[PDB]
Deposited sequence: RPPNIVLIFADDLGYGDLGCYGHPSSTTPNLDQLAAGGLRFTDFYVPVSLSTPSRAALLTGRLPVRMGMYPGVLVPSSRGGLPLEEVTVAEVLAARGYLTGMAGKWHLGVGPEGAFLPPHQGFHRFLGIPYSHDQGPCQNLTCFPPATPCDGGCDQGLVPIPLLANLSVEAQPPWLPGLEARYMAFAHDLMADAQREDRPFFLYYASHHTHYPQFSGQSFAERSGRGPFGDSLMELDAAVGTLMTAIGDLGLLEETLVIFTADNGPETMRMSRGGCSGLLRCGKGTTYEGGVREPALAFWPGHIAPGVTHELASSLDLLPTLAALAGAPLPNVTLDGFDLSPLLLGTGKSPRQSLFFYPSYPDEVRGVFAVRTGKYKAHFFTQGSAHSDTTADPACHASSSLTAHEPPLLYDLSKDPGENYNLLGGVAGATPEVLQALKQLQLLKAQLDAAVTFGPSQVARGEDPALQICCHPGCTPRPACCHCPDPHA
């Protein structure tokens, strides 16, 4: 029987942040235990370094330009959304009779009467926030109890952040120091109800950690020894421990696949309240390894043996691997990932040879920015980003504008994961890798047509969720805490 699947997706968490990936001061003991008894990926990626596009690619297994999830991210007034025609993972498992649930951040659009919310995209249950938790004013929110306010205020002129239950506003805004319990409790109930109906569950846990502003419940506040980013990562980690215990308590260890990853690199613009890309260069917002190479853990006792692969994998491969593993069939669409079960089960290698990376602002004349094949990565274009400012590497800053590279900047990621030493700027291994990387970009660029942008369809403030429909004056009247 198809296994129970729990998929945890962190926010803005970098390759250097878990203790098991090197950080000297993070406290993440549950995730360190998953790694110890599971497969830890050294080379897993997402294809775009922002929340919306990355969340689209994970849920559909498709490159976000194919369905319009560019440029940038969706906002609360956004008209647009992940089109209802896309088939998400949830649709695929639900059809094979999984009881499917989602807690936490959606960021795939809201729309006219909530048309784009999770309940329309295959989730049976949903408790969470429809976009990112800083997309609403937070100067008066508490981030750390008893009364430590969130820092900097978040986005102004907006409705406060709403917690939803299917399409209804449960709270607005919610109490950040208690979000976690709400989500643990929703998770526990979905497990148990699934067990009791004799059915596999799919839990999609999109945490708010470790996105700005940082918050945690009172057990973690000031307990990690890495300040607010730490406390917030310790809570995420504790949360994981909790789901693992609940998996315990219902006798489901050997019957559940648990995967952890994160949507994109760290926001170093938040300085020491933001993540760490460890040795990789830059972060969120860029196509350097720091923004697109994420941590990734796969645990299934008695199916996946403890270890470390260096094989290539993407968040784009998760739909196809989970369909395979649950005996569900694939949507009838072009998919950009592959099944990795041979790699997970130890019977094979990853089928993936190449990875393609688009910028925050893609366009059809430039096409893909970077391509990785085997050990080699070519950058055809480079660009820094405000989400990665403040570090000492100047190629990460927003003042490093869009620069073309012809011939591309060429790195051997197995000896230079750091992306410091351009091999062109000329061996037969190299030149052969160069002609391949050039042919693969020209091939994808001639074959992908960009789906018309959802984000450019505009904003309308009337689309903001409001607790007290009709009230006045908007947006501040919208609120039922």
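- Unmodelled regions of the deposited chain, listed from N- to C-terminal end, are 426 to 429, 486 to 489.
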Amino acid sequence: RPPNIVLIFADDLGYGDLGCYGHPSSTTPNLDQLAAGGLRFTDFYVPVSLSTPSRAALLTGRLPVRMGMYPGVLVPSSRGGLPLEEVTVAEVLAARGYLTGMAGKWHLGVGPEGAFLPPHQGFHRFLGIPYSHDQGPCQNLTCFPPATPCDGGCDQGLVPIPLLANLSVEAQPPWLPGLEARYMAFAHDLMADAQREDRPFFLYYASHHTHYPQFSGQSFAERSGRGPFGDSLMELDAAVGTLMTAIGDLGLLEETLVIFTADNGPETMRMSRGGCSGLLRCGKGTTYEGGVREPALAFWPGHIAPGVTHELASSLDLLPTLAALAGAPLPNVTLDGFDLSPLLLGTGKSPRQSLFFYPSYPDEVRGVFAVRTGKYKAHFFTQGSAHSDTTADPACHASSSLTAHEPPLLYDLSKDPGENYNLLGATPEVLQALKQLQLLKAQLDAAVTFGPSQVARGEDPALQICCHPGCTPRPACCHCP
From here on, numbers count along this sequence of modelled residues.
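- The stretch with the higher mean CA B factor, choosing between 466 to 474 and 19 to 27, is 466 to 474.
- Looking at mean Cα B-factors across 453 to 461 and 6 to 14, the upper value is held by 453 to 461.
- Within the group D249, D393, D134, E294, the record's highest C-alpha temperature factor is found at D249.
- For the set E255, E311, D336, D263, the PDB entry assigns the largest Cα B-factor to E255.
- Sort the modelled residues of the chain by CA B factor and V371 lands in the lowest third.
- In the PDB entry, a CA B factor belonging to the lowest third of its chain's modelled residues is recorded for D412.
- When the CA B factors of the chain's modelled residues are split into thirds, the value for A378 lands in the lowest one.
- When all modelled residues of the chain are sorted by CA temperature factor, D155 is found within the middle third.
- In this PDB entry, the Cα temperature factor of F215 sits in the middle third of its chain's modelled residues.
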